[PDB]
Structure formats: structure tokens, C-alpha cells
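Spelled out, the chains give:
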Amino acid sequence: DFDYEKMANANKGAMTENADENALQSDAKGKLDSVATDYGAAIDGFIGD
Amino acid sequence: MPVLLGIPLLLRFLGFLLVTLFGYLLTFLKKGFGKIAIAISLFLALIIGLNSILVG
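Rules used in this analysis
- Residues numbered from 1 in each chain as written, not as in the entry; some residues may be left out.
- Chains lettered and ligands numbered in written order.
- Part of a larger assembly, values for the part shown.
- Heavy atoms only, no water.
- Helix = DSSP H or I, 4+ residues; strand = E, 2+ residues; numbered from the N terminus.
- Rg over C-alpha atoms; globule rule 2.2 N^0.38 Å.
- Buried < 20%, exposed > 50% of the residue type's maximum accessible area, 1.4 Å probe, protein only.
- Areas by Shrake-Rupley, 256 points an atom, 1.4 Å probe, with all protein chains shown as cover.
- Patch = residues over 30% accessible without salt bridge, like charges linked within 9 Å, V, L, I, M, F, W, Y side chains within 5 Å.
- Salt bridge = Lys/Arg side-chain N within 4 Å of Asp/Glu carboxyl O.
- Contact = heavy atoms within 4.5 Å.
- Buried area = accessible area lost by both parts, 1.4 Å probe.
- Polar contact = N/O pair within 3.5 Å; in protein donor to acceptor, adjacent residues only side chain to side chain.
- Nonpolar A, V, L, I, M, F, W, Y, C, P; charged D, E, K, R; others polar.
- Pairing = 2+ DSSP bridges.

> For the overall build of chain B, give the residues involved together with the corresponding values.
Assigned secondary structure in chain B consists of two helices and one strand. Starting at the N terminus and ending at the C terminus, chain B contains elements arranged as β-α-α. Computed over its C-alpha atoms, the radius of gyration of chain B comes to 25 Å, more than 25% above the 10 Å expected for a compact globule of 56 residues. The principal-axis extent of the C-alpha atoms belonging to chain B is close to 85 × 15 × 5 Å. Put simply, chain B has 56 residues, and 7% of those count as buried. Entry remark: accessible area of chain B is about 4,800 Å², with carbon and sulfur atoms responsible for 81%.

> Give me a nonpolar patch on the surface: which residues, what numbers.
Residues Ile43, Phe46 and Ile47 of chain A together with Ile36, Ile40, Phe43, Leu44 and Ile47 of chain B make up a contiguous nonpolar surface patch of roughly 750 Å² in combined accessible area. Put simply, the parts of the chain that give the nonpolar patch at least two residues each are α3 (36-46) of chain A together with α2 (17-54) of chain B. Looking at the nonpolar patch element by element, the count peaks at five residues for α2 of chain B. Owing to a relative accessible area of 33%, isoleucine 43 of chain A belongs among the partly exposed residues under this scheme.

> An account of the interface of chain A and chain B is requested, with residue identities and associated values reported.
Listed by partner, the interface residues are 16 residues for chain A and 17 residues for chain B. Summed over both partners, the interface of chain A with chain B buries about 1,600 Å², with 78% contributed by carbon and sulfur atoms. For the chain A face of the interface with chain B, the top three residues by lost area are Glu17, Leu32 and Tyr39 of chain A, together amounting to 33%. Here chain A is connected to chain B by zero salt bridges. Viewed at the interface, chain B and chain A are joined by one residue pair in polar contact. Counting residues per element, the ones that place at least two in the side of chain A that touches chain B are β1 (17-18), α2 (21-32) and α3 of chain A. When residues in the side of chain A that touches chain B are grouped by element, the largest group, six residues, is from α3 of chain A. In terms of residue class, the side of chain A that touches chain B is built from 11 nonpolar, two polar and three charged. Strand direction decides the pairing type here: β1 of chain A and strand β1 (residues 2-3) of chain B, joined by two bridges, are antiparallel. Bridge pairing in β1 of chain B places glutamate 17 of chain A opposite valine 3 of chain B.

Printed below as a string of C-alpha cells:
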């Protein structure tokens with residue numbers, strides 16, 4: 001009386017992680033939005049000299 | 001939201017390359033604004049130089 005649908009849900013749990021979409025998307029921006037403030041600052045500081 | 005065992009590390013790596021490459025573009029920008037500093041300096045130095053000959 002193999003529980004076909006208990007082995008499956010035990011293969012899954014051992015070959016799957018957990019991921020929050022809106023947390024991997026907030027870090028990415030966080031790091032690319034710090035290099036874009038130094039690119040702007042540079043440009044702005046040349047037109048003021 | 002269940003995912004496979006390697007996808008979260010592909011997504012972290014695709015934003016390491018981007019920050020590294022966007023880091024190089026900054027370095028090169030700053031260099032080219034240093035050329036326009038050298039250039040201006042040179043020009044104004046050649047003018048101040050001619051003055052000193054002619055008035056002599």
C-alpha cells in the first residue's frame with residue numbers, strides 16, 4: 001500500500017529551497033542604486049566646474 | 001515559494017557581475033574628466049607663456 005503521493009512530497013522537500021521574490025529584488029536594486037548615485041554625482045560635478 | 005536547489009545562487013551571481021561591470025564604467029568616466037582638466041590647464045599655460053615673451 002505504497003503511498004505514491006507521500007514519496008513524491010518527500011522527494012520535493014529534499015530537492016527544493018525557499019525564495020522570497022520581493023527580497024531578491026530589493027537587494028539587487030540596493031547595490032545597483034549606489035553606483036548610479038556616483039555616476040550622477042560625477043557628471044553633475046563636471047558641469048559645475 | 002518553492003524553487004530548485006541552485007536557482008537562488010544563479011540570481012545572486014547575475015547581480016554581482018552587473019555591479020562589477022557598472023563599477024568599471026565609473027572608473028573610466030572619472031579618467032576622461034581628468035583629460036579635460038589637463039587640456040584646459042595646457043591651453044591657459046601657453047597663453048600666459050607667450051605674454052611673458054612679448055612684453056620682454
